[PDB]
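The next block holds one structure in the form of structure tokens; read it before the comments.
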Amino acid sequence: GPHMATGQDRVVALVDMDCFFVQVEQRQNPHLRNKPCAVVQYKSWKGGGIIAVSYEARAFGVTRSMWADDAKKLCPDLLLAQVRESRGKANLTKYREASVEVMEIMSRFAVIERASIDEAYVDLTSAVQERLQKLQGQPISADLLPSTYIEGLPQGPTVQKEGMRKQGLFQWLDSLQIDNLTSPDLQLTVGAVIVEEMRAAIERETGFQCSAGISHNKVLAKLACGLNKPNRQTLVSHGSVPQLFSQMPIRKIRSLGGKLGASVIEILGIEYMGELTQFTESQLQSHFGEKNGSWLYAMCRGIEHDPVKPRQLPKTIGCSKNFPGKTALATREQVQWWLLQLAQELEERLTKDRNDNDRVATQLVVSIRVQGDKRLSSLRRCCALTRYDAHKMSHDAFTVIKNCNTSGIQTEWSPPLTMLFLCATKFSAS
DNA sequence: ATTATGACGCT
DNA sequence: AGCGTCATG
Ligand SMILES: [Mg+2]
């Protein structure tokens, strides 16, 4: 009762740039704007692999991880932009730089955690307190929430999308208690006002549109973000959780989309996240371990404690290339040439990182895949990264991997390599 | 031949 | 340290 925590102490948002690489290309090339468009890596094999898809193209069934030739079967007018190639490989610098533009804007409003190139969590708790003090008990107008959906509303006693959105928002705001500065629902609503302002600033200052979720923790904010895309935001209140979870497949919750989620489904014989409430914490820990069991117990009630980490920069800087099928590397000269290409891109990115961010990486991770290995990485080995020099880095990587060549001939490499990966890690301030 | 990343957990 | 999982609706 009065002692049961409800996990309503924070306001957290998740901001996701809509089809981010597509938007970067559409800003650069106006002919791609408001068209079915996708971004592809490479071209020779089946037209290249699609990695980002505009919402107009998604309407035709185009998706990521589809070959461009196949996408063109679904969408003959699909427009394509290709990722830049440098040193024989895809080079994502344009998108990393555009991501920095967006993250720097977001950081003006609140502390952000860079979850990925196109996604950031935002801790809004303090900003909401400040805005509530500035809002001396003044109600929140629907005009301050022009792109906000309130999940679960309208309910109870028009046939157009925007009309439905406004009906739900009106029900929410009429129900609000704008007098109580500690009301979690009011706090979320102010959070949504701030996120509208942040999203407007991003669009004005970059041209990029985003969707967002606002809730009391990261998992619910992420789930909320997915409910209304593109270019919209969704508020998931604590009270909305029972209904929302009652038909929510377990795999939709962040971290449960893989083997653990499949095991929850199979072991417990359930389908939906709300069904988890019927198990005790000890029962869940007995199946899924102490940590996962406690997390599931709280998360199915809408409660999660994982903090928004104050981290706007990536923790690693990596360069990776697959060599699939016939392109696998089979000679020593070939392996060394590609290690050098990767290391030259890595050196360029590291030197820029050091100038921009006042830090230096101290560990080099080298990973390879060998032909016929079911795992993504056949081997990972670390060595010291003491100098930002591509030739030294590629020589050191060759040194750490050279004992995997089972070929008795040092000129040949066997079995051929299907992946090379260099990653700089363990940054220290400088 | 579902890339090229990048997060975090386990032991 | 090296390996595995999860994510990119
Ligand atoms: Mg996105």
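Numbers restart at 1 for each chain; the letters A, B, ... are given by sequence-line order, proteins then strands.
Here the shortest heavy-atom pairing between A:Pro307 and A:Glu113 reads O-OE1, 3.5 Å. Nearest approach of A:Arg96 to A:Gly318, heavy atoms of both residues: NH2-O, 4.3 Å. Nearest approach of A:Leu376 to A:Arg369, heavy atoms of both residues: O-NH1, 2.6 Å. Of all heavy-atom pairs spanning A:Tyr121 and A:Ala115, the tightest one is CE1-CB, 3.8 Å.
Spacing between atom CE of A:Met419 and atom P of B:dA4 amounts to 10 Å, rounded to whole angstrom units. One interatomic measurement links the two molecules: CZ of A:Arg84 to P of B:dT5, which rounds to 12 Å at whole-angstrom precision. If you measure from atom OH of A:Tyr95 to atom P of B:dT3, you get 17 Å, rounded to the nearest angstrom. Rounded to whole angstrom, the span from the CZ atom of A:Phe21 across to the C1' atom of B:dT3 amounts to 10 Å. Between the CE atom of A:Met17 and the P atom of C:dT8 there is a distance of 15 Å, given to the nearest Å. With rounding to whole Å, A:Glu85 atom CD is found 12 Å from B:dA4 atom P. To the nearest angstrom, P of B:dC8 lies 11 Å from CZ of A:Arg114. Computed from coordinates, the A:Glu113 CD to B:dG6 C1' distance equals 12 Å when rounded to whole Å.
Using modelled atom types and a 3.5 Å distance limit, the side chains of A:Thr425 and A:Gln363 yield a donor-acceptor pair. Using a 3.5 Å distance cut-off with no hydrogens or angles, the side chains of A:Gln336 and A:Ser394 do not pair a donor with an acceptor.
Within the 4.0 angstrom heavy-atom criterion, only backbone atoms of the sugar-phosphate kind lie near A:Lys222; the bases stay farther away. A:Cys225 comes within 4.0 angstrom of no nucleic acid atom, judged by non-hydrogen atoms across all strands. A:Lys252 comes within 4.0 angstrom of nothing in the nucleic acid, heavy atoms only. Contact annotation for A:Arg381: backbone-only contact, meaning every heavy-atom pair under 4.0 Å involves sugar-phosphate atoms and none involves a base. Counting non-hydrogen atoms under 4.0 angstrom, A:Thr327 reaches a base of the nucleic acid. Within the nucleic acid shown, A:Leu376 has no heavy atom closer than 4.0 Å to any nucleic acid atom. Heavy atoms of A:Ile117 sit nowhere under 4.0 angstrom from any nucleic acid atom.
Proximity of A:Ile267 to A:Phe288: side-chain heavy atoms (C-beta onward) are separated by under 4.5 Å at one or more points. Between A:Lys402 and A:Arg332 the shortest side-chain heavy-atom distance does not fall below 4.5 Å.
Distance alone, capped at 3.5 Å, places no donor-acceptor pair between the A:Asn228 side chain and the A:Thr234 backbone. Formation of a donor-acceptor pair under 3.5 Å by the A:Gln41 side chain with backbone atoms of A:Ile51 is not found in this model.
Under the 30°/60° scheme for interplanar angles, the aromatic rings of A:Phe21 and A:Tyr95 are found to lie parallel.
Judged by the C1'-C2'-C3'-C4' torsion, the sugar of B:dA7 sits on the north side, since the angle is positive.
In terms of position on DNA chain B, the residue among A:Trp67 and A:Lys89 whose nearest nucleotide sits closer to the 5' end is A:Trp67.
Between the P atoms of B:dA1 and C:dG9, the separation comes to 24 Å (whole Å). For B:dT2 and C:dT8, the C1' atoms lie 11 Å apart once the distance is rounded to whole Å.
A close approach under 4.0 Å does not occur between any side-chain nitrogen or oxygen of A:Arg369 and OP1 or OP2 of B:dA4. Distances shorter than 4.0 Å separate some side-chain N or O of A:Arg96 from OP1 or OP2 on B:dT5. Regarding contacts with the backbone of C:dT8, every side-chain N or O of A:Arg254 stays at 4.0 angstrom or more from both OP1 and OP2. For the OP1/OP2 pair of B:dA1 and a distance below 4.0 Å, the side-chain nitrogens and oxygens of A:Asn322 include no atom meeting the criterion. Within the 4.0 Å cut-off from OP1 or OP2 of C:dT5, at least one side-chain nitrogen or oxygen of A:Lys259 is found.
When distances are taken from the side chain of A:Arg375 to each of B:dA4, C:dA1, C:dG4, the shortest belongs to C:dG4.
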What N/O pairs connect the protein and nucleotides 9-11 of chain B at under 3.5 Å? Give each pair on its own line.
residue	atom	partner	partner atom	Å
B:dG9	OP1	A:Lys291	NZ	3.3

- Test side chain to side chain contact (heavy atoms under 4.5 Å, CB included) applied to A:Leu235 and A:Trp172, step by step: CA-CA 10 Å; A:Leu235 185 160; A:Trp172 176 255; 3.9 Å; yes

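Listed by residue number, A:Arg311, A:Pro314, A:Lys315, A:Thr316, A:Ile317, A:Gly318 are the residues of residues 303-318 of chain A with a heavy-atom contact under 4.0 Å to DNA chain B. For the segment residues 40-55 of chain A, the set of residues with a heavy atom within less than 4.0 Å of an atom of DNA chain B comprises A:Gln41, A:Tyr42, A:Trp45, A:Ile51, in numerical order.
On a pure distance criterion of 3.5 Å, a polar donor-acceptor pair joins the side chain of A:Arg64 and the base of B:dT3.
We find that A:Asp69 and A:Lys72 are not joined by a salt bridge, their nearest charged nitrogen and carboxylate oxygen being 4.0 Å or further apart.
A distance of 10.0 Å separates CE in A:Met393 from CG in A:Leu340, rounded to the nearest 0.5 Å.
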